[PDB]
Amino acid sequence: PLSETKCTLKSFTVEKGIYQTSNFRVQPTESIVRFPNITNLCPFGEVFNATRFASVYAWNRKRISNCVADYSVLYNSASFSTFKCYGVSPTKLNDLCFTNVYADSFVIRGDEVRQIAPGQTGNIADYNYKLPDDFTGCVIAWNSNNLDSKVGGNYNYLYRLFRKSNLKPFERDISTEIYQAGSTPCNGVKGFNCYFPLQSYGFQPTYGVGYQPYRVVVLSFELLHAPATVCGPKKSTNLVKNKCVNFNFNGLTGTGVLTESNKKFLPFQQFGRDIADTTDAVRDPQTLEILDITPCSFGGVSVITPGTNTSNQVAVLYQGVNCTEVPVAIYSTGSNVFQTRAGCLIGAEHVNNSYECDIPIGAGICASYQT
Amino acid sequence: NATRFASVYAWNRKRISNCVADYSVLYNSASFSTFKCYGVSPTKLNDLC
Amino acid sequence: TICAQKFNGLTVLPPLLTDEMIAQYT
Amino acid sequence: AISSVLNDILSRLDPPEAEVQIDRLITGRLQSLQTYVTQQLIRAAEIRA
Amino acid sequence: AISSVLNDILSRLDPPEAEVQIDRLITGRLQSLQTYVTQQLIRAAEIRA
Amino acid sequence: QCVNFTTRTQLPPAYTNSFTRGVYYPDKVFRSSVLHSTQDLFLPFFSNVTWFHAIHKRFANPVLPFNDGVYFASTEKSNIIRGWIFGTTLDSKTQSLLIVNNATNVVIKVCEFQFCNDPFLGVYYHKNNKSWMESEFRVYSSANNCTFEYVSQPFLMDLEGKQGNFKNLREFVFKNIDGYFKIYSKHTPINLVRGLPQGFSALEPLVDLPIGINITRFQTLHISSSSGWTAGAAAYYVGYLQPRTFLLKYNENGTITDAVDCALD
């Protein structure tokens, strides 16, 4: 600590006084991981390995809930031509928890895939499938030419070429109403400057790379704003109390000391907040008990030193710290320990005889180097 | 709607001024294969000076 | 005539003259 | 930033995107400390007076 | 920013592009008014003295 | 089964002052001894709530619009009101929502229902055991594609008794937002004859079902020689939710005890 004061003051000589040095902070004893004991895996075989997808004008929307995800099977699959996320990293998906998950499944031409991304425009993004500017989620696609292409052209997949106005994010319009591009009104099936609104893709095995059919699944899930229904493949650990721990309760990551709380959460409630609108209590997601959350002790470290021209002996004040914490941080010899109202004072001898103040410690206490 | 345009090496340059335009006739017409803007949105042309 | 403050890195230091020491000078 | 909580940025984004979001929190939290210290220096002059 | 007028930013950039320039104008003007209030607090001590 | 109910008196629509009612817990977070400001779709304080009632002579089951979510309340004796119809077409062209609050639990079901013009429920009186038993649900003629179904936590509610004034106040909030249909509820004891009770209590959330259907209208479900009946006295109130900022007061036990409407005065 004397070399720490010389370092902090940028000087090889230090005058008699009390100087601030790197803050004391009690470290996690162990981690805690808690999630509900759900087992069944999500419908990723029925979403990504389905026999066929719908046309882009009638894109399918499947709900994924009450299941465990395994995104290493999907991301590591060589069949996927792109697996690109816009509000999460693909490697974080297995280390992450999901509120609501929706799979949007449809087929488009590889040249049109460029319009599926958030913030885009053009006939696909404008008339059949738009993502929001701040889209959080992942776009997954693979070449399906062997599955969905025919030598004369598999025209069974359609898009929307005509529409009265542009559509909003995640709007789906299946309607086949005839569109009038000219100012003159029309009736029946077709006429001058009057068009059928949908158009078929020219899906042929002779098409160049980009002109071939790609199957697209877009995961448009939401994070950290509602009760979770899809989750990472994490095993729940044992739960401990009366110790400083790195806890995680259904994604509630933090470091603190857990204790049994008297806060009466209502049947619909799971997390408890303080006047500052921050979490101060949590109900365990598997065992229905409420734990009071308080972070570990920490504060500045003050070094008390006579002059360098006097002595190399120094004393250390752990500000805002209960003495209990010192042996926990196994000066650990002690036999000079004393709890002051400023914090835990170590390396200094407590003397009952009152003297005039020399080096100020705080809360009525002062130190000095004496015989 | 002119009868014919010039060769691209001698492209014609006509001045449009002291008049009111109606860009809904051009943008909404199905006869046009390309209507691409690069410093304005095609939807803004009718709400623009 | 506090807990959240210390929990967010805010530390309040005690005065050198306590509420009795200030009253003793008075 | 996408979240006020540094752990929610680090739990969702890699080393490239997480630093971009965290720099928003560093600049804003840094401005909040300069605002607090400026108000405390100006109020300290009132208490000195 | 591109322009100090917010209507010029809104009438030009797309919604996703305008947020960047608007953030520059908001942050800058937050510093402008913060600097004003700071100097007014400094001068307030002079007039109070 | 479906029957055209013609026995009823025609009166103009009545309105009453909602003192401080229509507040609910907007989130699932515990708070205590704090003042928290929040904006959500609540019934505005001191607003004109529309009044409907069944008498002797009266039996209100009309189709009413459902705009931005609706506050429902019921002043009751003898448990006569038994449920609600929510939907857009209500005739099997689309899905529709049926909610019934029977003697034991709340049941929620979404089908391509073909509803009756005048729907009602029925109870067997003194059938052998000498106890009144809910046994009839004459509300829809067909249900072609029942996609969603939910059953609440069970409870015990009686089907018998007679009193000179209304004793139970049952309050509900129904919202249909971004495909998620939310139900909030609270029960409060009262001593009133024919007016909206003066008081304050916050509604606890019950269930949030992702039903994904359009609800634009609703219709009440009341409990009853093949037509004509005596309607047991019961009354309910309909108000529409508005986006309003409130300052909420949490007590030591974490219960909202008071609230301030930021646009009131």
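Could you check segment F:113-165 and list, in sequence order, the residues that are surrounded by 18 or more Cβ atoms within 10 Å (Cβ to Cβ) and not in a strand (DSSP E or B)?
F:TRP132
Do we have any residue at all in segment A:41-52 that's within 14 Å of another protein chain (Cβ to nearest Cβ) and of a type in the set (S, T, N, Q)?
No, segment A:41-52 contains no residue that is within 14 Å of another protein chain (Cβ to nearest Cβ) and of a type in the set (S, T, N, Q).
Being part of a strand (DSSP E or B) and either small (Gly, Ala, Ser) or in contact with a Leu (Cβ under 7 Å, 6 or more places away or on another chain) (or both) is the filter here, so list the residues in segment F:31-57 that pass it.
Scanning segment F:31-57 gives F:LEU35, F:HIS36, F:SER37, F:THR38, F:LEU41, F:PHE42, F:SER47, F:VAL49, F:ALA54.
Please go through segment A:159-184 and give me each residue that is basic (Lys, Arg), within 14 Å of another protein chain (Cβ to nearest Cβ) and touching a helix residue (DSSP H, G or I) at 6+ places or on another chain (Cβ under 8 Å), ordered by number.
A:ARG163, A:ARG172, listed by residue number.
Which members of segment A:1-38 meet the condition of being surrounded by 15 or more Cβ atoms within 10 Å (Cβ to Cβ) and of a type in the set (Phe, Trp, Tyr)?
Listed by number, the residues that qualify are A:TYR19, A:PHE24, A:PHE35.
Scanning segment A:259-272 for residues that are part of a strand (DSSP E or B) and surrounded by fewer than 17 Cβ atoms within 10 Å (Cβ to Cβ), which turns out nearest to the other protein chains (Cβ to nearest Cβ)?
The residue in question is A:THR259.
Mind checking which pairs have a first residue in segment A:175-189 that is within 16 Å of A:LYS164 (Cβ to Cβ) and a second that is among the aliphatic types (A, V, I, L, M), Cβ under 9 Å, 6 or more apart or different chains?
A:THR176/A:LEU198; A:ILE178/A:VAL189; A:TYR179/A:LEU161; A:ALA181/B:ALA30; A:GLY182/B:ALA30; A:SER183/B:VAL25; A:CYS186/A:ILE178
With respect to A:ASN187, determine if the residue is within 11 Å of another protein chain (Cβ to nearest Cβ), in a loop (DSSP other than H, G, I, E, B) and either within 30 Å of A:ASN322 (Cα to Cα) or not hydroxyl-bearing (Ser, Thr, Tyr) (or both).
no
Does segment F:222-234 include one or more residues that are among the β-branched types (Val, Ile, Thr), closer than 19 Å to F:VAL63 by Cα and buried (at least 20 other Cβ atoms within 10 Å of the Cβ)? Break it down stepwise before answering.
Our first condition is that a residue be among the β-branched types (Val, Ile, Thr); within segment F:222-234, this holds for F:223, F:230.
Those still in the list that are closer than 19 Å to F:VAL63 by Cα too: F:223.
So of that shortlist, the ones also buried (at least 20 other Cβ atoms within 10 Å of the Cβ) come out as F:223.
Yes, that holds for at least one residue.
Can you find, within segment F:86-108, the residue that is farthest from the chain's Cα centre (by Cα) among those that are buried (at least 19 other Cβ atoms within 10 Å of the Cβ) and not β-branched (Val, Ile, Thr)? Give the steps one after another, and end with the answer.
So the first thing to find is which residues in segment F:86-108 are buried (at least 19 other Cβ atoms within 10 Å of the Cβ), and the list is F:86-87, F:90, F:95-99, F:101, F:106, F:108.
Still in the running and not β-branched (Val, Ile, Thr): F:86-87, F:90, F:95-98, F:101.
Working: F:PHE86: 11, F:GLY87: 15, F:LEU90: 18, F:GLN95: 20, F:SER96: 17, F:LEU97: 13, F:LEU98: 12, F:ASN101: 9 Å.
Per the criteria, the residue is F:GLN95.
I need a count of the residues in segment A:326-355 that are within 14 Å of chain C (Cβ to nearest Cβ) and farther than 20 Å from A:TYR19 by Cα.
Matching residues across segment A:326-355 total 1.
Residues checked against (1) β-branched (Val, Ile, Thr); (2) in contact with a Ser or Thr (Cβ under 8 Å, 6 or more places away or on another chain); (3) surrounded by 12 or more Cβ atoms within 10 Å (Cβ to Cβ):
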| position | (1), (2), (3) |
| --- | --- |
| E:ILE2 | yes, no, yes |
| E:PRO15 | no, no, no |
| E:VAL20 | yes, no, yes |
| E:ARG24 | no, no, yes |
| E:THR35 | yes, no, no |
| E:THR38 | yes, yes, yes |
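Only residues that are surrounded by fewer than 19 Cβ atoms within 10 Å (Cβ to Cβ), outside any loop (DSSP other than H, G, I, E, B) and more than 14 Å from chain C (Cβ to nearest Cβ): list them for segment A:231-258, please.
A:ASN246, A:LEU252, A:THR253
Restricted to chain C, and to residues that are among the aliphatic types (A, V, I, L, M) and more than 8 Å from chain A (Cβ to nearest Cβ), which residue is farthest from the chain's Cα centre (by Cα)?
Among residues in chain C that are among the aliphatic types (A, V, I, L, M) and more than 8 Å from chain A (Cβ to nearest Cβ), the one farthest from the chain's Cα centre (by Cα) is C:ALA23.
Condition (residue is surrounded by 19 or more Cβ atoms within 10 Å (Cβ to Cβ) and within 14 Å of chain A (Cβ to nearest Cβ)) applied to segment F:193-201: is it met by at least one residue?
The answer is no; no qualifying residue exists.
Suppose we filter A:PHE162, A:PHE192 for residues that are in contact with a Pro (Cβ under 8 Å, 6 or more places away or on another chain) and aromatic (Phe, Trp, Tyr); which single one remains?
That would be A:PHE162, the only listed residue that is in contact with a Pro (Cβ under 8 Å, 6 or more places away or on another chain) and aromatic (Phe, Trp, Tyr).
Answer with yes or no whether D:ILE9 is more than 9 Å from every other protein chain (Cβ to nearest Cβ), on the phi < 0 side of the Ramachandran plot and in contact with a helix residue (DSSP H, G or I) (Cβ under 6 Å, 6 or more places away or on another chain).
So D:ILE9 fits the description; yes.
Here are some residues: A:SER22, A:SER11, A:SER79. Which one is of a type outside the set (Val, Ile, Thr) and under 25 Å from A:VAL216 (Cβ atoms)?
A:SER79
Which residues, taken from segment F:203-233, are of a type in the set (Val, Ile, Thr) and in contact with a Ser or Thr (Cβ under 6 Å, 6 or more places away or on another chain)?
F:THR216
Kindly indicate whether A:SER77 is away from chain D (no Cβ under 14 Å) and assigned to a strand (DSSP E or B).
Judged against the criteria, A:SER77 is not a match.
Taking only segment A:275-294 into account, find how many residues are outside any strand (DSSP E or B), within 14 Å of chain C (Cβ to nearest Cβ) and buried (at least 17 other Cβ atoms within 10 Å of the Cβ).
Of the residues in segment A:275-294, the ones outside any strand (DSSP E or B) are A:275-278, A:284-289.
Cutting the leftovers down to within 14 Å of chain C (Cβ to nearest Cβ) gives us A:275-278.
Within this subset, residues satisfying the condition of being buried (at least 17 other Cβ atoms within 10 Å of the Cβ) are none.
Qualifying residue count for the region: 0.
Against the conditions (1) assigned to a strand (DSSP E or B); (2) away from chain A (no Cβ under 14 Å); (3) of a type outside the set (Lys, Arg), where does F:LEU206 fall short? Just the number, please.
Looking at each condition in turn, F:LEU206 falls short on (2).
So F:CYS2 clears everything in (1) more than 26 Å from F:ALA202 (Cβ to Cβ); (2) part of a strand (DSSP E or B); (3) hydrophobic (A, V, I, L, M, F, W, C) except one condition, right? Which one?
Exception for F:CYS2: condition (2).
Can you tell which of A:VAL139, A:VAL88, A:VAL113 is within 14 Å of chain D (Cβ to nearest Cβ) and within 31 Å of the chain's Cα centre (by Cα)?
Answer to the check: A:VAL88.
Give just the number: which of (1) in contact with a helix residue (DSSP H, G or I) (Cβ under 9 Å, 6 or more places away or on another chain); (2) within 13 Å of chain C (Cβ to nearest Cβ); (3) more than 25 Å from C:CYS3 (Cα to Cα) does A:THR305 not satisfy?
Unmet condition: (2).
Considering only segment A:190-227, how many residues are part of a loop (DSSP other than H, G, I, E, B) and among the β-branched types (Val, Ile, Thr)?
2
Out of the residues in segment B:6-28 meeting the condition of being within 29 Å of A:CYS194 (Cβ to Cβ) and in contact with a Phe, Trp or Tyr (Cβ under 9 Å, 6 or more places away or on another chain), tell me which one is nearest to the other protein chains (Cβ to nearest Cβ).
It comes out as B:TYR27.
Considering F:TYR71, F:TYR24, F:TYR15, which residue is within 14 Å of chain A (Cβ to nearest Cβ) and within 18 Å of the chain's Cα centre (by Cα)?
F:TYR24
Each reported figure results from applying straightforward, stated rules to the coordinates on display, with no laboratory input. In this analysis, Cβ positions are derived from the backbone assuming ideal geometry, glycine residues included, and neighbour counts consider all displayed protein chains.
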